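For this one, two forms of the same chain are given in structure tokens, first as structure 1 and then as structure 2.
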Structure 1
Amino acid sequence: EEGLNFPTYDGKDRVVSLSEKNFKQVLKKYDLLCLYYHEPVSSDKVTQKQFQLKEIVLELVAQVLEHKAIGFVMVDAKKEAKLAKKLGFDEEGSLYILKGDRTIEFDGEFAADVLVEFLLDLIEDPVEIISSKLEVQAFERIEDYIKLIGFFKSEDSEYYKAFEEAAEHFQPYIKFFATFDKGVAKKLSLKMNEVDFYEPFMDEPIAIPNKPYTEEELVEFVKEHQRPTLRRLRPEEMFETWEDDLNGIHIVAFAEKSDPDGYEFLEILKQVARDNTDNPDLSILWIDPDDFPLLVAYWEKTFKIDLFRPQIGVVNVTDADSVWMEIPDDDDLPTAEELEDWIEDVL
């Protein structure tokens, strides 16, 4: 096993296949209902096995999250097409979570620990209130996440409630914050009912025009600015991000942040991102090898690169074919301009 006190599956059957007749009944039982929308299982032997692993994973997650009332069911895409269409499920292999009237999609690494950490954040309220100095400091240190902060009069303000409702659309991928403190608003240059949008790795936020905002206005603004120029590949978002390719390719950059050379290369990448942040056709994918250790060998074999050093290249999402910038020495890293010139030819 993994160690002392790591949980083991108790054989109990908490995750079963869901039919439409029992939906409204199953839905009442839990705080959150997670539905694994899958394609009908082959008889084939090797897919049946690959599916069983996923259920085993869901079973373990259901066990450890039982006390927090999160239910897990499976939905056959073919046999239960009617239920799926009514709930709006159309992507197979995705885990849909029903939280109130809202629907959140999980499309990342199908592991027990990844799912649990993800769901634990999803349970809570999407908006964090920033009041103290250390809380302001906490907000300021968020770098690789899309974050929004608004200044409102109080929690009873209708303008805050609209901001809160908009936050529910993107939970927990995009972080929403709110303050009712004039001191904090002054420091963050926020006017009453004004909301600032922070793109990852950018120095200055964008004030959303024409305040105050309705729920729809905020959702629309975020959706139009939802793809950062430099975005990080996270295990809980990996397939969602990878399927969000631009013209069939990804500009992939490997950088181990804990490694001084990786940190070095990432900082140069940030500058490249800032210089071309207004390019809608450009989105650089930052992958920290430490977040995907079991894919390191695969990446080094497929991309023919050494992941002990920072790398950047262009990956074709159809056949996993790529060309990589020649960086044999991480003490002779390319400048922002040299990266840009190499990138410029890619576009």
Structure 2
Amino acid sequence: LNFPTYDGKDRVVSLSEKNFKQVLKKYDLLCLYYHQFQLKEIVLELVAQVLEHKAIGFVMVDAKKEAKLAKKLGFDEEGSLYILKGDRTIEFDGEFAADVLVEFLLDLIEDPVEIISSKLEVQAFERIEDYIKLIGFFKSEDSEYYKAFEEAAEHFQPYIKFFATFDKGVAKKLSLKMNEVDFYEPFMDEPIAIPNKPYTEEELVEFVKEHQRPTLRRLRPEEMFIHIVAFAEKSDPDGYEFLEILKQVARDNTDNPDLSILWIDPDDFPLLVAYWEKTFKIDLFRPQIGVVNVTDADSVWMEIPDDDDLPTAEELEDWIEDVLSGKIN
């Protein structure tokens, strides 16, 4: 009923060789912790307790002990959590917290393609606009074209969402022809149809990698970790009004490939944004947009002194253009 508390049972096992390959096929997902770190230990134990009847294994691989198995799997960063799913290895880069870890694993454990089989689900599909989506129409799950699409979906999981229908009426409402795949940029209503259908998996992966930096995109707690970053609380009328300005500049520079704004909602990342306030010396809980140096953590911020008089989209665009050309960094 209330919140779970860790019961003391140690479920995070230590995985050796020979013991290795048995547990990879016992589970859907293998969670590997590569080696004062009682905080990460206890978060991992609580996630393992809460998910104990899911098809997820929790193991730890010591840097000095199972260096054999760590070399066998390619574990560079010590203190990092790696997820194995079949033949694939996923390094978790999100916040090492129980909520974020649970959400990440439950995203990874499901099939990479979500099937839409109802016309009433298409309206809901079209209104979900916060992430990159791909959707295709195939004859069935057995099709070689579905298989190529599913294999591409596995390559981007869980960061990019793939969808498919096998129904003519659903596909008609999505304006999809047979074996065609539409690509949806975030916060844009009109999809891009991938050229020269039907597609191999290499054709799908290459298209998605070209279009992986859209004009505006929303940070997620899973996928994270020169750089234009905008801060807007969607739950606040100020931040929401600013978000609508950012959406307007996104639809004006779909032609511009050198424009990629990362929108961070502070309500989605309250600890991270508060920590960044100490580094950037600015109030990031009111509307801001800046460019950050990846190395030196230097920053320059657009002047938004008055949240009752936010910049228009043209004023944002002019500041953006001065930054790419060279205003300051």
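Structure 1's sequence is the ruler for residue numbers, which start at 1. For clarity, a rigid core is taken as the largest C-alpha set superposing within 1.5 Å between two forms.
After superposing the rigid core, the Cα of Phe110 is displaced by less than 2 Å between structure 1 and structure 2. For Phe89, the Cα coordinates differ by 2 angstroms or more between structure 1 and structure 2 after the core has been superposed. After superposing the rigid core, the Cα of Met192 is displaced by less than 2 Å between structure 1 and structure 2. Core superposition gives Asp101 a CA displacement of 1.5 Å between structure 1 and structure 2. Core-superposed comparison between structure 1 and structure 2: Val127 shows a Cα shift of 0.9 Å. Note on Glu80: its Cα is shifted 5.3 Å between structure 1 and structure 2, core used for superposition.
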